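Notes follow the structure.
Protein chains: 2
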Amino acid sequence: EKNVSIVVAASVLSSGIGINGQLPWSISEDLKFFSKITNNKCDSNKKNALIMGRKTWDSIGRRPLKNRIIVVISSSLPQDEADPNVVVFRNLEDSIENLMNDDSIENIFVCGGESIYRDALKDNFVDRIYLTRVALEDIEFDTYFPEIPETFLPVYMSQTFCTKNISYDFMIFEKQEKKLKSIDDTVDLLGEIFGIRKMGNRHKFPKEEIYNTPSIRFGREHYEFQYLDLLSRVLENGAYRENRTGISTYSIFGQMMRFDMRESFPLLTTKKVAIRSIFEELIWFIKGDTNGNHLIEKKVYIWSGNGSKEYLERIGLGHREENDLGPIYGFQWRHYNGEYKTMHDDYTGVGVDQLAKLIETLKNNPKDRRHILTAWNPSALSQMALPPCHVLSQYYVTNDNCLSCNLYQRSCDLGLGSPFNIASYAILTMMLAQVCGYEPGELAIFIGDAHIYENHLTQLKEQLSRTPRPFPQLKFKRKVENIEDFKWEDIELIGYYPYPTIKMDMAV
Amino acid sequence: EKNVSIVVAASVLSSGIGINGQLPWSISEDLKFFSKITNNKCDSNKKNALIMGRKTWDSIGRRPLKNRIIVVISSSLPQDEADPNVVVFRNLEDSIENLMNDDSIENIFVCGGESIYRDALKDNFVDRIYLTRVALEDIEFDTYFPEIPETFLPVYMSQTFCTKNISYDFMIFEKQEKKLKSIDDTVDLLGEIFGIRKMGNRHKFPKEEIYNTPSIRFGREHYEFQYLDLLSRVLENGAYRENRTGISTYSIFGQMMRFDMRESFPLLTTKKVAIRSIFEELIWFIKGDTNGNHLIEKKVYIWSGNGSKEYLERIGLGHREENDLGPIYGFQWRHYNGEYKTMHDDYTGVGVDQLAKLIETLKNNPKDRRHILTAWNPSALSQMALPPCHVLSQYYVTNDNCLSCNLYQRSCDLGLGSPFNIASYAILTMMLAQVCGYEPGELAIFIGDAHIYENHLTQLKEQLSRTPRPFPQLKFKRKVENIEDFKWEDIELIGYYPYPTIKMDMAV
Ligand SMILES: NC(=O)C1=CN([C@@H]2O[C@H](COP(=O)(O)OP(=O)(O)OC[C@H]3O[C@@H](n4cnc5c(N)ncnc54)[C@H](OP(=O)(O)O)[C@@H]3O)[C@@H](O)[C@H]2O)C=CC1
Ligand SMILES: NC(=O)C1=CN([C@@H]2O[C@H](COP(=O)(O)OP(=O)(O)OC[C@H]3O[C@@H](n4cnc5c(N)ncnc54)[C@H](OP(=O)(O)O)[C@@H]3O)[C@@H](O)[C@H]2O)C=CC1
Ligand SMILES: CN(Cc1cnc2nc(N)nc(N)c2n1)c1ccc(C(=O)N[C@@H](CCC(=O)O)C(=O)O)cc1
Ligand SMILES: CN(Cc1cnc2nc(N)nc(N)c2n1)c1ccc(C(=O)N[C@@H](CCC(=O)O)C(=O)O)cc1
Ligand SMILES: Nc1nc(O)c2c(Cc3ccc(C(=O)N[C@@H](CCC(=O)O)C(=O)O)cc3)c[nH]c2n1
Ligand SMILES: Nc1nc(O)c2c(Cc3ccc(C(=O)N[C@@H](CCC(=O)O)C(=O)O)cc3)c[nH]c2n1
Ligand SMILES: O=c1[nH]c(=O)n([C@H]2C[C@H](O)[C@@H](COP(=O)(O)O)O2)cc1F
Ligand SMILES: O=c1[nH]c(=O)n([C@H]2C[C@H](O)[C@@H](COP(=O)(O)O)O2)cc1F
Numbered sequence: 003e004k005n006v007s008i009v010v011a012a013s014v015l016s017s018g019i020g021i022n023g024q025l026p027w028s029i030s031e032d033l034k035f036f037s038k039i040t041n042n043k044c045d046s047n048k049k050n051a052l053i054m055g056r057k058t059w060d061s062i063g064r065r066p067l068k069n070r071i072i073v074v075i076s077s078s079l080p081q082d083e084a085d086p087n088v089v090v091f092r093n094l095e096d097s098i099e100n101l102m103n104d105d106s107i108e109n110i111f112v113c114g115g116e117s118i119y120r121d122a123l124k125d126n127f128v129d130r131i132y133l134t135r136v137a138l139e140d141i142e143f144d145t146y147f148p149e150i151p152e153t154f155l156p157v158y159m160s161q162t163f164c165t166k167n168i169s170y171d172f173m174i175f176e177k178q179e180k181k193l194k195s196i197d198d199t200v201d202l203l204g205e206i207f208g209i210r211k212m213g214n215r216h217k218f219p220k221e222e223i224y225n226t227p228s229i230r231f232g233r234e235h236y237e238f239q240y241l242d243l244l245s246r247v248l249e250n251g252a253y254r255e256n257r258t259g260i261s262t263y264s265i266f267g268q269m270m271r272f273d274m275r276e277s278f279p280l281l282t283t284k285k286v287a288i289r290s291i292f293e294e295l296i297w298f299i300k301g302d303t304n305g306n307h308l309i310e311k312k313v314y315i316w317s318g319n320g321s322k323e324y325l326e327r328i329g330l331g332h333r334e335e336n337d338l339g340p341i342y343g344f345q346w347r348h349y350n351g352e353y354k355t356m357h358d359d360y361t362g363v364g365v366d367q368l369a370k371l372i373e374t375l376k377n378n379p380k381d382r383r384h385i386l387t388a389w390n391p392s393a394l395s396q397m398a399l400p401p402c403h404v405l406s407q408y409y410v411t412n413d414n415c416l417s418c419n420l421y422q423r424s425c426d427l428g429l430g431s432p433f434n435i436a437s438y439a440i441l442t443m444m445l446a447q448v449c450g451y452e453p454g455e456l457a458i459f460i461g462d463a464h465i466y467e468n469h470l471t472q473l474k475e476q477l478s479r480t481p482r483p484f485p486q487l488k489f490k491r492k493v494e495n496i497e498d499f500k501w502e503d504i505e506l507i508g509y510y511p512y513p514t515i516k517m518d519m520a521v
Numbered sequence: 003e004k005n006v007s008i009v010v011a012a013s014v015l016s017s018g019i020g021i022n023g024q025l026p027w028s029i030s031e032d033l034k035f036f037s038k039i040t041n042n043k044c045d046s047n048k049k050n051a052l053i054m055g056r057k058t059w060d061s062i063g064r065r066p067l068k069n070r071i072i073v074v075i076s077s078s079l080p081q082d083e084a085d086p087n088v089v090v091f092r093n094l095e096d097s098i099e100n101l102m103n104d105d106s107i108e109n110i111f112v113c114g115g116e117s118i119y120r121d122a123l124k125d126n127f128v129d130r131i132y133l134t135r136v137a138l139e140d141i142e143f144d145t146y147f148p149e150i151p152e153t154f155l156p157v158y159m160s161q162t163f164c165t166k167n168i169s170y171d172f173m174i175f176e177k178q179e180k181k193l194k195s196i197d198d199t200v201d202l203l204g205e206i207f208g209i210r211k212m213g214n215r216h217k218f219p220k221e222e223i224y225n226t227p228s229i230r231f232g233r234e235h236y237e238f239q240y241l242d243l244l245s246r247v248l249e250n251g252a253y254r255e256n257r258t259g260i261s262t263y264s265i266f267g268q269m270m271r272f273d274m275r276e277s278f279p280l281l282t283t284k285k286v287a288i289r290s291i292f293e294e295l296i297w298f299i300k301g302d303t304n305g306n307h308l309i310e311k312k313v314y315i316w317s318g319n320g321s322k323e324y325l326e327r328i329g330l331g332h333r334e335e336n337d338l339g340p341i342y343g344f345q346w347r348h349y350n351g352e353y354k355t356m357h358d359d360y361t362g363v364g365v366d367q368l369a370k371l372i373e374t375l376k377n378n379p380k381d382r383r384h385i386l387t388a389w390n391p392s393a394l395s396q397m398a399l400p401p402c403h404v405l406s407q408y409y410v411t412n413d414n415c416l417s418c419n420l421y422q423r424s425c426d427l428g429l430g431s432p433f434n435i436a437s438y439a440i441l442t443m444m445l446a447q448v449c450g451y452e453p454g455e456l457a458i459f460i461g462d463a464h465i466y467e468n469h470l471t472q473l474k475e476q477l478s479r480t481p482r483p484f485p486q487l488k489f490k491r492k493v494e495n496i497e498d499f500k501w502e503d504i505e506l507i508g509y510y511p512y513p514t515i516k517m518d519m520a521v
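In structure tokens form, the structure reads like this:
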């Protein structure tokens, strides 16, 4: 009795594994993954058996795999005693003789093909499943991977990787039925004795109900989990709290999220995010534009709520024009401590330009620790339609010439603002990277107040029910001379296949 | 063959467990810990045996413990068949008969006393050790806990707790000799295939050599580990990088540290920290004082390096007086965007006072998400003797009326600056708490550039060789009317017993 694992690479949605007697994709890293995962052995005197259909055996060019014994399933092909590394069986179950005898075989893998995969699961010979999810969909498939039976649960999901602008993950499913103790007990007892006094009780591990894809425990690599687990922690430890809006939240303090921009783009796949709305807001910041109408003309309404007439009169800004938001983001970027009159005035030449000095500092003095962009001005706070949420950002040039970004955010809406903030500063870093001639680095976001508005509860619990899909890719179609020259047409979003969009009302 | 555990509470240094036939301390939580840890049983039909010396049996008033069978070791006391919950044995080894027979006993605990503890370890009957470390030292002990044999390694260290201004921990030692696999292998293989491309390879788990107290793996509760593990991560993944100083560092990006100020004070015990130097710098900030000499007069030299004549002339500030540092920390706190002349001028009335508006906002509108203190001013940056390291801080009022603090730090010296910054903002939060009538909350520090200067390598590796001791306590001797009225004499540091101070030269 030894282990039998399925190794397969299928499309993310339709699970297509092949077209016209070959692979729909060419990914070098995945073949090397197949090579290393099937060559994995504890005993040096043993080999691993690889079961595959005849057509699959044809697809590899009918040649043996090194240090492995290929088992071909065919009712046609002769059983050949010539090649010692290749053997043919008449049916799948008889090829499972590798269990009962032949102790020279340590582990068994099913390399499959649809016909083999389907009745390998159907007859339940499969202990484990190695799935490589690929982001190619709109192409054509004549061959698919059978839907994984409910007996399996994922124990692992890797980070998103990029090869030839194609995103892919690595997942491990296991067949689960059944089910040091000293430390677990002692901590629990201390938690009983001490109340909220013990800090371990102030941050509680989320209950399985609100924990996204609970079956994956030690195996969460994917950085969308960085957001989804923060979502869960707020649903668990969140204190019910009133705020300036009539809509109360559930708030916790001192949280963070890490993101990899090297091999992927941190855009949430559990909800369809409006990327155009995000970009057009970012280039709005970069241009230094405080005019709220310029966003609305482009059909981005996110700032309409804080850009109304009724809201401005309520905060004492009633003198102001309808959508004029005051010295907000991008004003403080391009002009710092500039005296603000209206949105129509020409502010060129006034105030400190941080974004300019930022870019200038990045390429001229990369190892400088002082690259910083701050939106928080105590003097201009009263003039703003709303104080900076993402307050300050620091940028870092790695020795391999990647550009990494840290962002502190004083107040964070996990339903609306956060999905935007994650992607927005991810784009900005990529923009700052191209202008300074760098590759994208890592994105880290630090959140002071992490909250969920009570009207988003039904929606965010829905979003948590969705198992994440690999991050998309974002490439620029041209290299601009100045960072202000970026246009929406220049952005190519590759392999984004999210879950249906979730509607959530903004608290004004 | 069942489990035998030692349960003991000893002083942190001299390991004294008792004085004059009783305990040197009275701690309610610890007795409840003893109660719950010795009442822990899997089977409801079984009881736990507690072995203790005669004098210890005297100390509890010679009365049985509920739901437990007390085993008293004496050569004098009669063996009494009267009380079924108490039994007397002539020697320790014969009392270990609980193993060979009497299956009504599930687990065995040694409640001890010095005479029992010493030859319980000496004859090696002890599988596990439950140690409660107490911060009382300078008092008198007639009874001690024997030095733990090298056969034991700690698997757990709890957070520091406070009872009657006394700090204490909870540790678990186990006797260790000997010594899912699928996930561990798959991740390793992906790490082989992909290079630094895989983000998991960019952040590597520290090698055992540079990992502080390696035996404690899943059991690190203590928040000094938050600093010590960050120390290790930099020693592992740190990129060698040049900077403005002639001394190069090893730098990583995007790190954080959490701290509990409720039950303890986050002051490093692995190195003796100068707390007076820290405080006098903080009250220096609070007063808004930019004069570097005022620190030197109080014999705090930390700013002397950046406060010299040669350093100022080097950065183009040569016009300035010797120790005048410009619009640095506390200037920007008390006066924001104030035009800076010299350190001697009277700045009262000019600039925005953040610290004032901060305190005013905290008690008037606690649930406000806008409490923020920023030292980073793009306009005044060129005038400063050095730009802000701890850039911005946000403060949070919990529903139970505790005050929690978040701090973003753009550049962090782990050898010198960080031990100061951790304690300094811990004090400031406690000060802001008293003025606004709150209890201390949690402290979270976010670090952009976490580095170790190459001259601190020998020192910081030494510091890593020291197993942490419970955090001290910090109490104020009086309640001030204004936050500026704090004096050094007002501070009482309770139960601080660090390792010897480690000298490290500041890079100028
Ligand atoms: N993305 C991935 O990981 C993988 C993709 N693929 C792709 O999928 C395609 C091939 O898959 P697919 O179309 O399903 O063909 P198969 O790879 O499953 O090959 C099937 C062959 O196996 C034999 N066979 C199957 N079932 C039985 C049975 N019950 N008894 C006896 N013999 C049996 C038959 O051979 P015979 O008729 O001669 O008796 C049959 O033609 C290829 O394009 C390949 O590249 C393949 C493997 C992995
Ligand atoms: N901090 C903590 O967790 C604990 C502290 N303590 C403290 O320790 C102090 C007392 O401990 P300690 O001084 O060590 O005294 P003990 O508690 O160890 O009691 C010793 C007695 O046990 C009997 N005994 C010991 N060894 C033998 C033997 N080899 N054969 C037969 N009988 C033996 C003797 O009694 P006899 O006269 O009959 O021969 C001896 O006097 C107290 O202050 C107590 O409160 C105690 C337990 C826990
Ligand atoms: C057609 N086919 C089946 C195939 C293709 N992709 C897969 N991808 C995955 N994730 N899992 C599979 N089971 C899988 N199977 C192939 C094709 C080539 C090789 C192959 O060349 N393997 C080499 C590896 C080549 C290299 O290192 O790039 C080896 O040594 O194992 C294997 C299977
Ligand atoms: C003198 N003595 C020995 C003693 C004292 N402190 C210790 N502290 C520790 N951490 N470990 C020990 N083994 C220990 N032993 C005592 C004194 C009182 C009780 C006691 O009252 N136990 C009650 C608990 C009391 C309560 O719940 O507050 C119980 O039900 O177990 C036990 C041992
Ligand atoms: N209470 C509150 N929450 C916020 O998130 C904000 C913002 C930032 C912001 C960010 C995103 C949106 C938003 O409309 N998100 C959407 C829709 C996006 C779209 O269609 O444009 C969603 O994902 O459901 C709206 C506002 C600006 N002002 C805000 N005030
Ligand atoms: N490169 C660099 N690193 C720094 O940490 C600083 C600081 C802040 C700072 C923080 C701590 C010290 C310091 O000397 N600390 C000491 C000595 C304390 C004392 O005896 O007063 C220590 O505990 O080891 C000196 C300066 C100010 N300027 C700095 N420049
Ligand atoms: O990028 C943003 N992200 C975000 O989450 N908000 C939300 C956070 C908060 O719910 C609201 C305003 O916070 P506050 O009322 O504390 O000023 O705006 C606003 C942004 F601009
Ligand atoms: O509180 C402080 N903490 C700290 O770590 N530094 C260090 C960080 C850095 O090593 C040095 C100067 O930062 P930089 O040269 O990058 O501007 O001062 C200074 C402080 F005042």
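First to last, the sequence lines map onto chains A and E.
The first sequence lines up with residues 3 to 181, 193 to 521 when you count with the deposited numbering.
The second sequence lines up with residues 3 to 181, 193 to 521 when you count with the deposited numbering.
The C-beta atom is built at its ideal place from N, Cα and C for all residues, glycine as well.
Hey, residue i and residue j are a contact pair by Cβ (cut 8 angstroms); roughly how many whole angstroms apart?
i	j	result
residue 129 of chain A	residue 7 of chain A	6 angstroms
residue 85 of chain E	residue 66 of chain E	6 angstroms
Could you say which of the options lies nearest to residue i if we only look at CA atoms?
i	options	result
residue 168 of chain A	A:459, A:357, A:316, A:277	A:277
residue 251 of chain A	A:264, A:391, A:258, A:244	A:264
residue 113 of chain E	E:223, E:195, E:33, E:125	E:33
residue 177 of chain E	E:458, E:391, E:131	E:131
residue 157 of chain A	E:140, E:200, E:442	E:200
When the distance is taken between beta carbons, is residue j closer than 8 angstroms to residue i?
i	j	result
residue 212 of chain E	residue 439 of chain E	no
residue 9 of chain E	residue 53 of chain E	no
residue 462 of chain A	residue 431 of chain A	no
residue 387 of chain E	residue 405 of chain E	yes
residue 401 of chain E	residue 238 of chain E	no
Determine whether the Cβ of residue i lies closer than 8 angstroms to any Cβ atom of chain E.
i	result
residue 371 of chain A	no
residue 392 of chain A	yes
residue 389 of chain A	yes
residue 412 of chain A	yes
Can you confirm whether residue i, when its beta carbon is compared against all beta carbons of chain A, has any partner nearer than 8 angstroms?
i	result
residue 256 of chain E	yes
residue 213 of chain E	yes
residue 137 of chain E	no
residue 419 of chain E	yes
Counting pairs of beta carbons, one from the stretch 105–119 of chain E and one from the stretch 152–160 of chain E, are three or more of them closer than 8 angstroms?
With a cut-off of 8 angstroms, the stretch 152–160 of chain E and the stretch 105–119 of chain E do not count as touching, because too few Cβ pairs lie within range.
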